[PDB]
Amino acid sequence: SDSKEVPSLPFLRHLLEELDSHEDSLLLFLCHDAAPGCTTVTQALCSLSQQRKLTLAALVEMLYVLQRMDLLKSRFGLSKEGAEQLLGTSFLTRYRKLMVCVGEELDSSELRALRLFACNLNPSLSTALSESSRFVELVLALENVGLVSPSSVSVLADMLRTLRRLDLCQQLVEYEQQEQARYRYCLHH
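Residues numbered from 1 in each chain as written, not as in the entry; some residues may be left out. Heavy atoms only, no water.

A. Region of the structure containing the pattern of salt bridges. The full count for this structure, using the stated rule, is 11 salt bridges. Taking the shortest distance from any N to any O, the salt bridge between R96 and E143 comes out at 2.6 Å. Here the residue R96 occupies a position in helix α7 (residues 94–103), and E143 occupies one in helix α9 (residues 135–144), the gap between them amounting to 47 residues. In terms of burial, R96 and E143 fall into one category: buried. Taking the shortest distance from any N to any O, the salt bridge between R161 and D158 comes out at 2.8 Å. In this pair, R161 and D158 both sit in helix α10 (residues 154–162), 3 residues apart, roughly one turn of the helix. The exposure class of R161 is partly exposed, given its relative accessible area of 40%. For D158, a relative accessible area of 37% gives the class partly exposed. Residues joined in a network through salt bridges with shared partners are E23, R68 and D70. (Salt bridge = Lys/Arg side-chain N within 4 Å of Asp/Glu carboxyl O. Helix = DSSP H or I, 4+ residues; strand = E, 2+ residues; numbered from the N terminus. Buried < 20%, exposed > 50% of the residue type's maximum accessible area, 1.4 Å probe, protein only.)

B. Spatial organisation of the nonpolar core. Within the largest apolar cluster, 64 residues are counted, with the highest numbers of intra-cluster contacts made by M62, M99, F135, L138, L156 and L172. Ignoring any residue separated from it by four or fewer positions in sequence, one finds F135 in contact with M99, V102, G103, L106, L111, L114 and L156. (Core = buried A, V, L, I, M, F, W, Y, C linked by side-chain atoms within 4.5 Å. Contact = heavy atoms within 4.5 Å.)

C. Just helix α3 (residues 41–50), in detail. Of the residues making up α3, those classed as buried are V41, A44, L45, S47 and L48. Seen from one end, α3 has its buried residues packed into an arc of 160 degrees, which puts them on one side. Packed against the buried residues of α3 are α1 (9–16), α2 (21–30) and α4 (56–65). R52 lies just past α3 and shows a positive phi near 60 degrees. (Arc of directions from axis to C-beta.)

Written as C-alpha cells, this is what we have:
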C-alpha cells in the first residue's frame, strides 16, 4: 500500500489538541461503525489506523464536517474547495456526516424539543437522554433501540417536521431516498 495516503499517528494526536469536547464527540460519532467501543478520540484514531482507514481523505473529511477550515489549511494546505474534492472518498458515510451537520443546524431549544419527542415516542429512551445530550447522542440513542439506522431515518425526519424544520426534514427524506436508490439500483459515502 501507499504510505503517502496515511498520515502518521503522532501528527494526528497533535492535531487532536486543537479540538474541544464537542468536536471530539462529533468525531467519535463519525467513527461509530468503524471504531466500536471507543470512548476517546485517540482510541478511535488508533482503531482506524489498525484498519488502514485513517487516510488523508478521511482526516480531510472529518475536518471539513467539523468546519475547521483553519486546520485544513495549516495541516493539509487545503482550501475549502480543495477539501470538497475529497468528500465521499473515505470510510465515512453520508449517513454519519449528515447527522453531524444537521445537529449543528439545531439550537438548544430545538434539540430539547427533539429529545422530548423521542422520549414520547419511546419512553425507554429517557434513561439514555438528558438535558446535556447532544444531537449525535440522540441519534445513537434512537439507533440503539432500532428507531433509525443508516437505511431508515424517517422517524427523525418526522421529528424534524413536527419541529417545523421542514428544511432539515427534507435533507433526511432526500438522503433516505438516495440511499434506497443506491441499494436497489447500484447494489453510501
